[PDB]
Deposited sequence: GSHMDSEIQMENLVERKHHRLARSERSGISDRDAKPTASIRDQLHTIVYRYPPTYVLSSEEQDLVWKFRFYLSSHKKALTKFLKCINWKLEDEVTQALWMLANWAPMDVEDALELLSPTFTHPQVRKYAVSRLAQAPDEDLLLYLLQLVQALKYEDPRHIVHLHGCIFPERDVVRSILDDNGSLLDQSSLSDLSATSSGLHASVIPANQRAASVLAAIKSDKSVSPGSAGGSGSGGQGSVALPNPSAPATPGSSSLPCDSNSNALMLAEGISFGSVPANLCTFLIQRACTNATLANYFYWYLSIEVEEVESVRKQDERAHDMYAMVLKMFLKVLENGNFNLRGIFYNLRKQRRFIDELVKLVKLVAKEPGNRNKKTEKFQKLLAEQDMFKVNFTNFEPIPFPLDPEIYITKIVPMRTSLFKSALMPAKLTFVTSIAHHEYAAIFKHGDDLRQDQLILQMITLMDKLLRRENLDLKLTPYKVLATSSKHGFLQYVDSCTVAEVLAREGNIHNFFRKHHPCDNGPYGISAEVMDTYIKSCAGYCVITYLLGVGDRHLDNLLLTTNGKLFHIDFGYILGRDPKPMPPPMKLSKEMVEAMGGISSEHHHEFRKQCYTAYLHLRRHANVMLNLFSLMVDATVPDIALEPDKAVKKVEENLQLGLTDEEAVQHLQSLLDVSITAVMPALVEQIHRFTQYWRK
């Protein structure tokens, strides 16, 4: 019908986790038969059928075979715990199979959690065969070396020591099966297996060394000295850190390492003391650095970093480059991992060493002409980084921000780090909704500036695009409900709702921008002491 279409388009194209559809179910259904407008339609169609009858199930399943094929993002929802039925799940797996590896890696973290939701019987039967989704992950991980790397590391965190007992047992089973398939396959499959073993041996020895450093009494500098001496001690360990045979790096399976440089290694002023390491690579003695951190479970951080990477990709697709830095994390075990090292200086360091951010930029990229005697791109990128981070931190509810927590680079970028507080948890009783240092606002030229205005403009458009891609972020959050990420595990059932609450999906675009602006304004006013003075004066007016 003429209007019939709009009532339905709002349903295909707006609600994402809504149970909202009810009567709609009967109407979508009657129209379900004539027109599968979009893949988006299909996810919606699915919701009403499995509701009870088998007669309903048979008709719906046929509808599915012919329907315009779902997008991976929607397929993700299908692996979700809400839909029991074997045919829809086979279907979700077929949709992923169609996907390219790069896309598969992004989601993989979620797919590993997705495993929890499949029937154990499929997993036990495959175990029986060696001694769809699960067979699929193994089959594909074998196909491509970097995928295998991630698959392995994700499975290991899961396997190591109520319903947990059941889930651990399942993961243990997947790992034994994956490892046994690899040992057995050919040159290409065995090659993968040998490499994983080399990483496994290397990390264990690395862990032994860090523990010795941890034990040695002393301040940062004395411990770092002990750490440097240890690396250089050859054949005190099962591995010789000064030389080894090439091992694909767990953060980046693409780079082999072969060496560490004992004297280049530092420890962070951070309170857990991360090593930095340098390695050399298999190529032309290149360096890599990474961090190695031995205090917390990096899982919450990989989730957030995965989230930042995803958002960066979506904005980049729409031709919005907020110059974000989505660095790499893996955890090894809970309690160790790596993180990518990006050349950066924390804001507090910058403030203490140079008077203020502008001075810092100006030193690295002076341009007499302007904006502030700083080359424009640097100003432009600082502005974009700020807006991307401000919106992304708000959406994900990142708490516990401070001057140690934000960093800068020489190019301009700002980014965040250390995502221990997430989804509105904070060590302090307050917000602000938006997280901006007085220093960051001053860095922008203050309240009225070609640049500050530019910063707000960027937040709003960033916000609008992110809102549009709510389906993927929400589906991914849905799969992390039993995830063993601390902040999520406090009320698992509330986590997705909170992300969704921030997305402000009810509101119209014009309305949503006003909302962000509102949050932005309180935050900036409380941070700037003249604005607080102005409010003090206004109260004073009415007397």
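Unmodelled regions of the deposited sequence, numbered from residue 1: 1 to 37, 169 to 278, 309 to 313, 696.
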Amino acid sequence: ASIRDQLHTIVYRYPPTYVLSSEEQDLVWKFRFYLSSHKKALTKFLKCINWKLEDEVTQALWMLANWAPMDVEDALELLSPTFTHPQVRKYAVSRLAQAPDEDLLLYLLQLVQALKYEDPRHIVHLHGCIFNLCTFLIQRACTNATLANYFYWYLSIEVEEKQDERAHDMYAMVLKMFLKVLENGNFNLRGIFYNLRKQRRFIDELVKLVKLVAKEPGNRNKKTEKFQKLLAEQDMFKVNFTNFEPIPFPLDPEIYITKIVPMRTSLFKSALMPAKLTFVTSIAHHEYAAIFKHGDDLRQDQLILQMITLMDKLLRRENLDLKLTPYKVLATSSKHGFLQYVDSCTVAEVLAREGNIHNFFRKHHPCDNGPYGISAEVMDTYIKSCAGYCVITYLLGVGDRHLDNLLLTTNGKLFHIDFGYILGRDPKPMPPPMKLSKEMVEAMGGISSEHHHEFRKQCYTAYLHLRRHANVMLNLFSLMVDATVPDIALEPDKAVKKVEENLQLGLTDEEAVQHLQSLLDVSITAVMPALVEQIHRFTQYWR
From here on, numbers count along this sequence of modelled residues.
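Just going by the entry, 319 to 327 versus 140 to 148 on mean CA temperature factor gives the higher value to 319 to 327. Higher mean CA temperature factor, per the PDB entry, when comparing 338 to 346 with 92 to 100: 338 to 346.
When the Cα B-factors of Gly420, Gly388, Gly218, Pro120 are read from the PDB record, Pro120 comes out highest. Ranking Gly185, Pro81, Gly191, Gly295 by the C-alpha B-factor listed in the PDB entry places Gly295 at the top. In the deposited entry, the Cα temperature factor of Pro86 places it in the middle third of its chain's modelled residues. Among all modelled residues in this chain, the alpha-carbon of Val213 has a temperature factor (C-alpha) in the middle third. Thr393: CA B factor in the lowest third of modelled residues in this chain (values from the PDB entry). Ranked against the other modelled residues of its chain, the C-alpha B-factor of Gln302 as given in the entry falls in the highest third. When the CA B factors of the chain's modelled residues are split into thirds, the value for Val527 lands in the lowest one.
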